[PDB]
């Protein structure tokens, strides 16, 4: 038995490939078929491999993740619910990463120093909560959670859960990394089996090879166009084929990462020599050697069946740019000029933003600087404003030394801190007035409405960072780097050649500024105090328990039309300063959702006063008057970010049930965790039989059972009524979260009482 540590920070915690193999063998003895790669790693992590019922797309798997990671905008509510379980330390290796509260304003350390003084209370809280419960802490400036995870923590066959959507990024290193809400991470840190609905598996076969301007990003921008934002729901995306071996480890992380934008449970690549070179370049040669020895369990079984198969010829794939308000509106960079002209999107690119998490590696920085260096050899600088986020302090230190940062700086770039920044709206913008219509190209992944700067006329197009650079040098959406014009002030030769770059540093990486903090061995006398008067941090008052009765005469707060992401339910940006305080953050509840009645964001009819106004105020009026309510939603309600606040905030403001045509995975788990009832129309046309005025009775809660539909009476103002049926995906574990008022109350009644 090998004793290879999980990371450089937990030398006493070994990789368990013998347990994985042990459990894969038990499960294929029961299933008697080839297993996909994701099936190998997921079923190899089952708590009961001998007795787990296993069926893709319908069974709930009780899993034992190897580690947990949180970022600081979702770590706050996850550790208040861990505090509340009153466990003295966490059960598996866990980390907090301080990357979401650093606002981009001046660049680099002006901004970082600013964020340390502005978010001192929260960073203190998380640092002393981590020292006490045994959670590793990555300080402000360390880097974006996924980038530190890929560098330090992801390895082949790991099962990692993270309180973030883009945790799937770690699949570029052959692990299964799945985003969850804080209350799931609390389960695994507390020692509870993590339950996951058995994924269906999409195979993406890659043939050929990536060439010239076409980069990793374009493979997932293509797949997202192909499959749409809803197409990966309840499935893990598995890349296979001849062309996989043409992709660097960090470009495999890029493809796995944006898979979140099709709603996939996660995405993964098979262990290969590009993962082995990346493990060795990051000081984890021993993990690559161990994985080689278990490679059979870290690739798919020959002949495994994918439920859906898509083919992408890498060699004929050419550059993409997606948007403007959904990540699945895919355009080749060549036709994006002509189609923006046609559709009424600005061709002027105000700001080009490279980096942030999907695309912030040393290869992304080398390819961006290779474009920028050419512009510079012709005495050119950017016509658009340009920002660069390094993915981690290691990448910042290594590209500084290898000179990429000075080239990016010299074409007019501002290197921002190693933090999300612009990506979740931690950006103090300035170049446009409020409501100005503008374009911005970014190498991020999401381009939801007003996500970046809190302005809706902002058309955000996502693409590769080398395309963001060249298009920032050009200033317009009608420049296609592959064919077109350059001048310089020398007057000469027009064309930007294909940005060649170094995959990894040819010397060793430079680590930089010292950013990690170990939990002390004996943490006796770590008080983690939360001020009772703090406006940033507040303890969670347990939600009420279910009174045993049905839900009669529910008022509709809002019937939502169309696309309703977690950014519509609970916006980020200025709202991240309250992510530790549920009553203050509940003031953004569904302010961005579109009301079907008037098609306005944030004005719904108050049913008592008949005055239209803000959705949070109306919810608070109903709660204070004892009027219970529901949201009626359309398709894939709760798409996007994993923030469990989307679920905590309707519960806190008096909500009882959300009834939709369908839900995104993670938000539906969170609504069940907080004691709400996520329900779906058995017939989605029934959405049209429910009008804003109608009162709803959900009946037969007293017989709430797995697989049994609930009925709903739609009581029309005029005395007619009609009964429809509502489906749910609750199992008995989850029904007992409902009955107890939340999964936290259910844990608390199990701890004696």
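Positions refer to the first chain, counted from 1.
Peer 1: On mean Cα temperature factor in this entry, is 329-337 or 179-187 the higher one?
Peer 2: Going by the record's values, the stretch with the higher mean is 329-337.
Peer 1: Tell me which stretch has the larger mean Cα B-factor in this entry, 117-125 or 278-286.
Peer 2: Taking the mean B-factor of the alpha carbons in each, 117-125 is higher.
Peer 1: Quiz for you: based on the deposited Cα B-factor, which of 109, 649, 261, 195 is highest?
Peer 2: Reading the PDB entry, the winner on C-alpha B-factor is 109.
Peer 1: Looking at 673, 581, 527, 166, which has the highest Cα B-factor in the entry?
Peer 2: Result of the comparison over 673, 581, 527, 166: 527.
Peer 1: Can you tell me whether residue 153 has a C-alpha B-factor in the lowest, middle or highest third compared with the other modelled residues of the same chain?
Peer 2: It falls in the bottom third of the chain.
Peer 1: Relative to the other modelled residues of the same chain, rank the CA B-factor of residue 36 and answer lowest, middle or highest third.
Peer 2: Residue 36: CA B-factor falls in the lowest third of its chain.
Peer 1: Would you check the entry's CA temperature factor for residue 449 and let me know if it's in the chain's lowest, middle or highest third?
Peer 2: Highest third, going by the recorded CA B-factors of the chain.
Peer 1: Pull the Cα B-factor of residue 553 out of the PDB entry and bin it into the chain's lowest, middle or highest third.
Peer 2: Highest third.
Peer 1: Give the position of residue 228 by CA B-factor within its chain, expressed as the lowest, middle or highest third.
Peer 2: Middle third - that is where residue 228 ends up once the chain's C-alpha B-factors are sorted.
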